[PDB]
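Here is the file final03.json (JSON, C-alpha atoms and all ligand atoms).
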[["chain", "number", "residue", "atom", "x", "y", "z"],
["W", 1, "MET", "CA", 25.55, -11.53, 19.45],
["W", 2, "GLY", "CA", 25.76, -8.60, 21.94],
["W", 3, "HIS", "CA", 25.89, -4.80, 22.57],
["W", 4, "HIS", "CA", 27.59, -2.04, 24.68],
["W", 5, "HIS", "CA", 27.29, 1.70, 25.62],
["W", 6, "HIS", "CA", 30.96, 3.01, 25.59],
["W", 7, "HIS", "CA", 32.45, 1.38, 22.39],
["W", 8, "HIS", "CA", 29.22, 0.42, 20.45],
["W", 9, "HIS", "CA", 25.68, 1.77, 19.62],
["W", 10, "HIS", "CA", 22.24, 0.77, 18.18],
["W", 11, "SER", "CA", 20.34, 4.11, 17.70],
["W", 12, "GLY", "CA", 22.35, 4.86, 14.47],
["W", 13, "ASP", "CA", 22.98, 1.35, 12.96],
["W", 14, "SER", "CA", 19.68, -0.64, 13.41],
["W", 15, "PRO", "CA", 15.82, -0.16, 13.55],
["W", 16, "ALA", "CA", 14.04, 1.04, 16.73],
["W", 17, "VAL", "CA", 10.37, -0.15, 16.19],
["W", 18, "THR", "CA", 8.28, -3.35, 15.91],
["W", 19, "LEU", "CA", 4.63, -4.07, 14.94],
["W", 20, "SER", "CA", 1.85, -4.60, 17.54],
["W", 21, "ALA", "CA", -1.98, -4.51, 17.87],
["W", 22, "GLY", "CA", -2.89, -0.83, 17.09],
["W", 23, "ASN", "CA", -3.34, 1.97, 14.48],
["W", 24, "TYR", "CA", -0.64, 2.46, 11.76],
["W", 25, "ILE", "CA", 0.17, 4.05, 8.36],
["W", 26, "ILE", "CA", 1.79, 2.25, 5.37],
["W", 27, "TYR", "CA", 3.70, 3.99, 2.54],
["W", 28, "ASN", "CA", 6.19, 3.14, -0.25],
["W", 29, "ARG", "CA", 9.98, 3.28, 0.52],
["W", 30, "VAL", "CA", 10.45, 5.64, -2.53],
["W", 31, "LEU", "CA", 7.97, 8.51, -1.68],
["W", 32, "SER", "CA", 6.51, 10.29, -4.81],
["W", 33, "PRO", "CA", 7.47, 13.01, -7.42],
["W", 34, "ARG", "CA", 5.36, 15.42, -5.21],
["W", 35, "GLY", "CA", 8.26, 15.44, -2.64],
["W", 36, "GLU", "CA", 5.99, 13.70, -0.05],
["W", 37, "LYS", "CA", 5.00, 10.18, 1.26],
["W", 38, "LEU", "CA", 2.92, 7.83, -0.96],
["W", 39, "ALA", "CA", 0.49, 5.95, 1.33],
["W", 40, "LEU", "CA", -2.27, 3.31, 1.05],
["W", 41, "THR", "CA", -5.69, 4.99, 0.69],
["W", 42, "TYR", "CA", -9.29, 3.69, 0.72],
["W", 43, "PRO", "CA", -10.81, 3.48, -2.86],
["W", 44, "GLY", "CA", -14.15, 5.00, -1.59],
["W", 45, "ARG", "CA", -16.21, 1.72, -1.43],
["W", 46, "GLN", "CA", -16.10, -2.05, -0.73],
["W", 47, "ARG", "CA", -15.29, -4.86, -3.29],
["W", 48, "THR", "CA", -12.68, -2.67, -5.13],
["W", 49, "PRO", "CA", -8.81, -2.67, -5.43],
["W", 50, "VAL", "CA", -6.69, -0.75, -2.84],
["W", 51, "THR", "CA", -5.30, 2.64, -4.11],
["W", 52, "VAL", "CA", -2.20, 4.79, -3.25],
["W", 53, "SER", "CA", -2.10, 8.63, -2.78],
["W", 54, "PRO", "CA", -0.39, 11.48, -0.76],
["W", 55, "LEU", "CA", -0.63, 11.41, 3.09],
["W", 56, "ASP", "CA", -2.27, 13.91, 5.52],
["W", 57, "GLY", "CA", -3.39, 11.51, 8.36],
["W", 58, "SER", "CA", -7.09, 11.39, 7.23],
["W", 59, "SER", "CA", -9.54, 8.56, 8.13],
["W", 60, "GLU", "CA", -9.25, 7.17, 4.52],
["W", 61, "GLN", "CA", -5.36, 7.10, 4.64],
["W", 62, "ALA", "CA", -4.91, 5.55, 8.15],
["W", 63, "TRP", "CA", -5.16, 1.83, 9.02],
["W", 64, "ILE", "CA", -4.96, -0.78, 11.86],
["W", 65, "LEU", "CA", -2.79, -3.89, 12.36],
["W", 66, "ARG", "CA", -4.02, -6.93, 14.39],
["W", 67, "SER", "CA", -2.24, -10.26, 15.06],
["W", 68, "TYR", "CA", -3.53, -13.59, 13.63],
["W", 69, "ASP", "CA", -0.52, -15.97, 14.13],
["W", 70, "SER", "CA", 3.14, -16.02, 15.37],
["W", 71, "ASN", "CA", 4.56, -19.23, 13.77],
["W", 72, "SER", "CA", 4.01, -17.54, 10.32],
["W", 73, "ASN", "CA", 4.27, -13.77, 11.23],
["W", 74, "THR", "CA", 0.75, -13.19, 9.78],
["W", 75, "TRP", "CA", -1.67, -10.36, 10.62],
["W", 76, "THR", "CA", -4.92, -8.69, 9.41],
["W", 77, "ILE", "CA", -5.22, -5.06, 8.15],
["W", 78, "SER", "CA", -8.24, -2.66, 8.00],
["W", 79, "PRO", "CA", -8.88, 1.10, 7.27],
["W", 80, "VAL", "CA", -9.78, 3.26, 10.36],
["W", 81, "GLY", "CA", -12.91, 4.59, 8.51],
["W", 82, "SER", "CA", -14.29, 1.10, 7.52],
["W", 83, "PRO", "CA", -13.04, -1.51, 10.13],
["W", 84, "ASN", "CA", -16.22, -3.57, 9.34],
["W", 85, "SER", "CA", -14.00, -4.89, 6.43],
["W", 86, "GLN", "CA", -10.29, -5.73, 5.84],
["W", 87, "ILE", "CA", -7.65, -6.05, 3.04],
["W", 88, "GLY", "CA", -8.00, -9.28, 0.97],
["W", 89, "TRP", "CA", -6.95, -10.61, -2.48],
["W", 90, "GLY", "CA", -9.26, -10.59, -5.56],
["W", 91, "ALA", "CA", -7.29, -13.59, -7.07],
["W", 92, "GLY", "CA", -6.45, -11.23, -10.05],
["W", 93, "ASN", "CA", -2.94, -10.27, -8.74],
["W", 94, "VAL", "CA", -4.27, -7.12, -6.88],
["W", 95, "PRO", "CA", -5.32, -6.48, -3.21],
["W", 96, "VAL", "CA", -8.98, -5.47, -2.47],
["W", 97, "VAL", "CA", -11.18, -4.46, 0.55],
["W", 98, "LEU", "CA", -13.78, -7.06, 1.68],
["W", 99, "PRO", "CA", -15.83, -8.10, 4.84],
["W", 100, "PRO", "CA", -13.88, -10.35, 7.30],
["W", 101, "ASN", "CA", -13.58, -14.17, 7.13],
["W", 102, "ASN", "CA", -9.93, -15.38, 7.49],
["W", 103, "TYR", "CA", -7.94, -13.21, 4.95],
["W", 104, "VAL", "CA", -4.34, -12.46, 6.21],
["W", 105, "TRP", "CA", -1.00, -10.88, 5.18],
["W", 106, "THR", "CA", 2.66, -11.37, 6.22],
["W", 107, "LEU", "CA", 4.85, -8.43, 7.43],
["W", 108, "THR", "CA", 8.70, -8.30, 7.58],
["W", 109, "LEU", "CA", 11.19, -5.86, 9.17],
["W", 110, "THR", "CA", 14.68, -5.13, 7.69],
["W", 111, "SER", "CA", 17.76, -2.98, 8.62],
["W", 112, "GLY", "CA", 16.12, 0.15, 7.02],
["W", 113, "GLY", "CA", 12.48, -0.65, 6.00],
["W", 114, "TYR", "CA", 9.39, -2.94, 5.92],
["W", 115, "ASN", "CA", 7.93, -5.53, 3.47],
["W", 116, "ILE", "CA", 4.41, -6.93, 2.81],
["W", 117, "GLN", "CA", 3.77, -10.43, 1.33],
["W", 118, "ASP", "CA", 1.21, -13.26, 0.90],
["W", 119, "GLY", "CA", 0.82, -16.30, 3.26],
["W", 120, "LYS", "CA", 3.12, -18.48, 0.96],
["W", 121, "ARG", "CA", 5.85, -15.79, 0.19],
["W", 122, "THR", "CA", 5.42, -16.40, -3.62],
["W", 123, "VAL", "CA", 4.71, -12.63, -4.20],
["W", 124, "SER", "CA", 4.95, -9.09, -2.67],
["W", 125, "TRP", "CA", 2.85, -5.86, -2.77],
["W", 126, "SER", "CA", 4.15, -3.55, -5.57],
["W", 127, "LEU", "CA", 3.41, -0.61, -7.98],
["W", 128, "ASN", "CA", 4.02, 0.16, -11.73],
["W", 129, "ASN", "CA", 4.41, 4.01, -11.94],
["W", 130, "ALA", "CA", 4.99, 4.77, -8.18],
["W", 131, "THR", "CA", 2.55, 7.78, -8.30],
["W", 132, "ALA", "CA", -0.78, 8.93, -6.79],
["W", 133, "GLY", "CA", -4.11, 7.43, -8.04],
["W", 134, "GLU", "CA", -2.46, 4.08, -9.06],
["W", 135, "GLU", "CA", -4.24, 0.86, -7.97],
["W", 136, "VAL", "CA", -1.96, -1.37, -5.79],
["W", 137, "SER", "CA", -0.56, -4.61, -7.35],
["W", 138, "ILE", "CA", 0.90, -8.03, -6.38],
["W", 139, "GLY", "CA", 3.81, -9.89, -8.08],
["W", 140, "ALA", "CA", 7.59, -10.41, -7.81],
["W", 141, "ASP", "CA", 9.48, -7.93, -5.54],
["W", 142, "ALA", "CA", 11.07, -4.74, -6.95],
["W", 143, "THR", "CA", 14.01, -2.61, -5.62],
["W", 144, "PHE", "CA", 12.24, 0.80, -6.03],
["W", 145, "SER", "CA", 8.50, -0.11, -6.46],
["W", 146, "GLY", "CA", 7.95, -3.23, -4.22],
["W", 147, "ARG", "CA", 9.22, -2.11, -0.73],
["W", 148, "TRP", "CA", 7.45, -0.21, 2.09],
["W", 149, "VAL", "CA", 7.71, 1.67, 5.44],
["W", 150, "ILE", "CA", 5.28, 1.46, 8.41],
["W", 151, "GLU", "CA", 4.73, 3.85, 11.36],
["W", 152, "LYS", "CA", 2.40, 3.87, 14.44],
["W", 153, "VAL", "CA", -0.36, 6.57, 14.89],
["W", 201, "LIG", "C1", -10.52, -20.13, 5.43],
["W", 201, "LIG", "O1", -9.13, -19.75, 5.16],
["W", 201, "LIG", "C2", -8.98, -18.57, 4.31],
["W", 201, "LIG", "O2", -9.63, -18.79, 3.01],
["W", 201, "LIG", "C3", -9.53, -17.65, 2.09],
["W", 201, "LIG", "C4", -10.45, -17.91, 0.89],
["W", 201, "LIG", "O3", -11.81, -18.00, 1.36],
["W", 201, "LIG", "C5", -8.04, -17.49, 1.75],
["W", 201, "LIG", "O4", -7.89, -16.34, 0.84],
["W", 201, "LIG", "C6", -7.57, -16.71, -0.54],
["W", 201, "LIG", "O5", -6.25, -17.33, -0.62],
["W", 201, "LIG", "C7", -5.89, -17.82, -1.97],
["W", 201, "LIG", "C8", -4.52, -18.48, -1.88],
["W", 201, "LIG", "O6", -4.52, -19.39, -0.76],
["W", 201, "LIG", "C9", -5.90, -16.63, -2.95],
["W", 201, "LIG", "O7", -5.75, -17.13, -4.30],
["W", 201, "LIG", "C10", -7.22, -15.84, -2.88],
["W", 201, "LIG", "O8", -7.11, -14.65, -3.71],
["W", 201, "LIG", "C11", -7.56, -15.45, -1.43],
["W", 201, "LIG", "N1", -8.87, -14.81, -1.40],
["W", 201, "LIG", "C12", -9.13, -13.68, -0.75],
["W", 201, "LIG", "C13", -10.59, -13.21, -0.84],
["W", 201, "LIG", "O9", -8.28, -13.05, -0.13],
["W", 201, "LIG", "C14", -7.22, -17.21, 3.01],
["W", 201, "LIG", "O10", -5.80, -17.22, 2.60],
["W", 201, "LIG", "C15", -4.86, -16.35, 3.34],
["W", 201, "LIG", "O11", -5.16, -14.92, 3.09],
["W", 201, "LIG", "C16", -4.91, -14.49, 1.69],
["W", 201, "LIG", "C17", -5.36, -13.04, 1.52],
["W", 201, "LIG", "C18", -3.45, -14.77, 1.29],
["W", 201, "LIG", "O12", -2.50, -14.00, 2.07],
["W", 201, "LIG", "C19", -3.14, -16.26, 1.49],
["W", 201, "LIG", "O13", -1.76, -16.48, 1.13],
["W", 201, "LIG", "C20", -3.41, -16.69, 2.94],
["W", 201, "LIG", "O14", -3.15, -18.13, 3.05],
["W", 201, "LIG", "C21", -7.47, -18.24, 4.13],
["W", 201, "LIG", "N2", -6.94, -17.74, 5.40],
["W", 201, "LIG", "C22", -6.18, -18.43, 6.24],
["W", 201, "LIG", "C23", -5.88, -17.74, 7.59],
["W", 201, "LIG", "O15", -5.74, -19.54, 5.96]]
Go through the file and emit its structure as structure tokens.
Ligand SMILES: CO[C@@H]1O[C@H](CO)[C@@H](O[C@@H]2O[C@H](CO)[C@@H](O)[C@H](O)[C@H]2NC(C)=O)[C@H](O[C@@H]2O[C@@H](C)[C@@H](O)[C@@H](O)[C@@H]2O)[C@H]1NC(C)=O
Amino acid sequence: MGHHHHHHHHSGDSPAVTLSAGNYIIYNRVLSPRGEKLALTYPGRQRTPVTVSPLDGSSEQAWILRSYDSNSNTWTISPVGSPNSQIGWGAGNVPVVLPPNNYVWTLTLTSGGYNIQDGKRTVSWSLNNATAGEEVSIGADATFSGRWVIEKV
């Protein structure tokens, strides 16, 4: 393991970011048929499934990330417009928004993207039509409907 500056590089062969305590946006690695990003969006109330839609940077499309552990790479996630609650799991194979207790999620970086999984790695966050207005889902991973990208705001 190593690097150099006259016969090697990093800025064109490997990622250049990492997660930290702050405000972020989360969108699918496959965009949408609209020719634009497909990002997590607040469903308009509490105790409902998370939804996915186009992105403009609005208070219902932007989120926060906060650490919970380091031995398990687990964090908590909340919308910037309703941080009095956070993303949780309705036990019905879909994510929901609910007041805080101890609900957490696992994040992973790769050579050209991000991933989002449960605390036991048995499942991953995914979609079924990869289009706006769809409710987010949880199940086995998928090459073009179960991978993500994350950016700081
Ligand atoms: C007190 O510890 C926390 O307890 C809650 C339930 O009150 C756990 O959330 C539940 O986890 C079940 C699987 O372990 C799952 O079937 C159920 O849907 C889920 N309920 C809710 C409302 O999310 C917490 O479990 C962690 O967070 C969830 C979201 C998931 O990622 C799970 O894999 C994690 O272990 C649990 N929190 C902690 C920090 O242990």
Give me, as an MDAnalysis selection string, the set of residues whose atoms come within 12 Å of any atom of ligand LIG 201 (chain W), counting all atoms listed in the file. chainID W and resid 47:49 67:69 72:77 85:107 116:125 138
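In this model, the gap between CA of residue 111 in chain W and CA of residue 1 in chain W comes to 15.8 Å.
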Show which residues sit within 7 Å of residue 63 in chain W, as a tab-separated table (two decimals) with C-alpha atoms, in the coordinates of the input. Count all atoms listed in the file, and ignore same-chain residues fewer than 3 positions away.
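Okay, out.tsv is ready:
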chain	number	residue	atom	x	y	z
W	23	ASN	CA	-3.34	1.97	14.48
W	24	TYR	CA	-0.64	2.46	11.76
W	25	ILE	CA	0.17	4.05	8.36
W	77	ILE	CA	-5.22	-5.06	8.15
W	78	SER	CA	-8.24	-2.66	8.00
W	79	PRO	CA	-8.88	1.10	7.27
W	80	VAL	CA	-9.78	3.26	10.36
Between CA of residue 130 in chain W and CA of residue 38 in chain W - distance in Å to one decimal: 8.1 Å
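Closest approach to residue 58 in chain W among W:46, W:149, W:14, W:40 is made by W:40 (distances from all atoms listed in the file).
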Compile the contact shell of range 26-30 of chain W as a ChimeraX atom specification: residues with an atom at most 7 Å away, counting all atoms listed in the file, same-chain residues fewer than 5 positions apart removed. /W:37-40,144,147-151
Would you list the contacts of residue 53 in chain W as a PyMOL selection string, taking every protein, DNA or RNA residue within 12 Å and counting only C-alpha atoms, but skipping same-chain residues closer than 3 positions in sequence? chain W and resi 26-28+31-34+36-43+50+56-58+60-62+127+130-136
Atom-to-atom span, CA of residue 20 in chain W and CA of residue 84 in chain W, Å: 19.9 Å
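Restricting the calculation to all atoms listed in the file, the smallest distance between residue 21 in chain W and any of W:152, W:54, W:66, W:9 is found for W:66.
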In terms of the shortest atom-to-atom distance over all atoms listed in the file, which of W:137, W:15, W:10, W:51 is closest to residue 112 in chain W? W:15
Please, could N, CA, C and O atoms be added to range 28-49 of chain W and the result written as a short mmCIF file (atom, residue, chain, number, x, y, z; two decimals), in the coordinates of the input?
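Produced file selection_2.cif, reproduced below:
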data_model
loop_
_atom_site.label_atom_id
_atom_site.label_comp_id
_atom_site.auth_asym_id
_atom_site.auth_seq_id
_atom_site.Cartn_x
_atom_site.Cartn_y
_atom_site.Cartn_z
N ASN W 28 5.08 3.66 0.54
CA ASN W 28 6.19 3.14 -0.25
C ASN W 28 7.54 3.73 0.17
O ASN W 28 7.65 4.92 0.46
N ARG W 29 8.60 2.91 0.14
CA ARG W 29 9.98 3.28 0.52
C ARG W 29 10.64 4.33 -0.40
O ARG W 29 11.76 4.78 -0.14
N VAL W 30 9.95 4.75 -1.47
CA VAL W 30 10.45 5.64 -2.53
C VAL W 30 9.71 6.99 -2.63
O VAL W 30 10.00 7.77 -3.53
N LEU W 31 8.80 7.29 -1.69
CA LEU W 31 7.97 8.51 -1.68
C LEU W 31 7.23 8.71 -3.03
O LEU W 31 6.81 7.73 -3.65
N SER W 32 7.06 9.95 -3.49
CA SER W 32 6.51 10.29 -4.81
C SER W 32 7.19 11.53 -5.43
O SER W 32 7.82 12.31 -4.71
N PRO W 33 7.04 11.77 -6.75
CA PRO W 33 7.47 13.01 -7.42
C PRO W 33 6.95 14.32 -6.81
O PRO W 33 7.50 15.39 -7.08
N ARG W 34 5.90 14.27 -5.97
CA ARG W 34 5.36 15.42 -5.21
C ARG W 34 6.27 15.89 -4.06
O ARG W 34 6.00 16.92 -3.46
N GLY W 35 7.34 15.14 -3.75
CA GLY W 35 8.26 15.44 -2.64
C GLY W 35 7.71 15.03 -1.27
O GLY W 35 8.12 15.59 -0.25
N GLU W 36 6.75 14.10 -1.24
CA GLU W 36 5.99 13.70 -0.05
C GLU W 36 5.68 12.18 -0.08
O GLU W 36 5.73 11.55 -1.14
N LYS W 37 5.36 11.60 1.09
CA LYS W 37 5.00 10.18 1.26
C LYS W 37 3.85 9.75 0.34
O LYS W 37 2.94 10.53 0.04
N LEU W 38 3.87 8.47 -0.05
CA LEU W 38 2.92 7.83 -0.96
C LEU W 38 2.30 6.63 -0.23
O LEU W 38 2.90 5.56 -0.15
N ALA W 39 1.12 6.85 0.37
CA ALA W 39 0.49 5.95 1.33
C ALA W 39 -0.78 5.26 0.80
O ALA W 39 -1.51 5.80 -0.03
N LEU W 40 -1.04 4.06 1.33
CA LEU W 40 -2.27 3.31 1.05
C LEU W 40 -3.50 4.12 1.46
O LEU W 40 -3.58 4.66 2.56
N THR W 41 -4.48 4.17 0.55
CA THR W 41 -5.69 4.99 0.69
C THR W 41 -6.92 4.21 0.22
O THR W 41 -6.89 3.48 -0.78
N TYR W 42 -8.01 4.35 0.97
CA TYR W 42 -9.29 3.69 0.72
C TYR W 42 -9.87 4.12 -0.65
O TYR W 42 -9.93 5.32 -0.93
N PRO W 43 -10.32 3.18 -1.51
CA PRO W 43 -10.81 3.48 -2.86
C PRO W 43 -12.19 4.16 -2.90
O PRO W 43 -12.67 4.53 -3.98
N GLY W 44 -12.86 4.31 -1.75
CA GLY W 44 -14.15 5.00 -1.59
C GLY W 44 -15.36 4.07 -1.42
O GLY W 44 -16.43 4.54 -1.04
N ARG W 45 -15.19 2.76 -1.66
CA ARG W 45 -16.21 1.72 -1.43
C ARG W 45 -15.59 0.35 -1.12
O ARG W 45 -14.37 0.19 -1.12
N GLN W 46 -16.45 -0.63 -0.87
CA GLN W 46 -16.10 -2.05 -0.73
C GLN W 46 -16.01 -2.76 -2.10
O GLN W 46 -16.52 -2.26 -3.10
N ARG W 47 -15.41 -3.96 -2.11
CA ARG W 47 -15.29 -4.86 -3.29
C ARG W 47 -14.54 -4.23 -4.47
O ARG W 47 -14.83 -4.52 -5.64
N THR W 48 -13.54 -3.39 -4.17
CA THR W 48 -12.68 -2.67 -5.13
C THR W 48 -11.19 -2.81 -4.75
O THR W 48 -10.89 -3.04 -3.57
N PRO W 49 -10.25 -2.70 -5.71
CA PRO W 49 -8.81 -2.67 -5.43
C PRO W 49 -8.37 -1.55 -4.48
O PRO W 49 -8.92 -0.45 -4.52
#
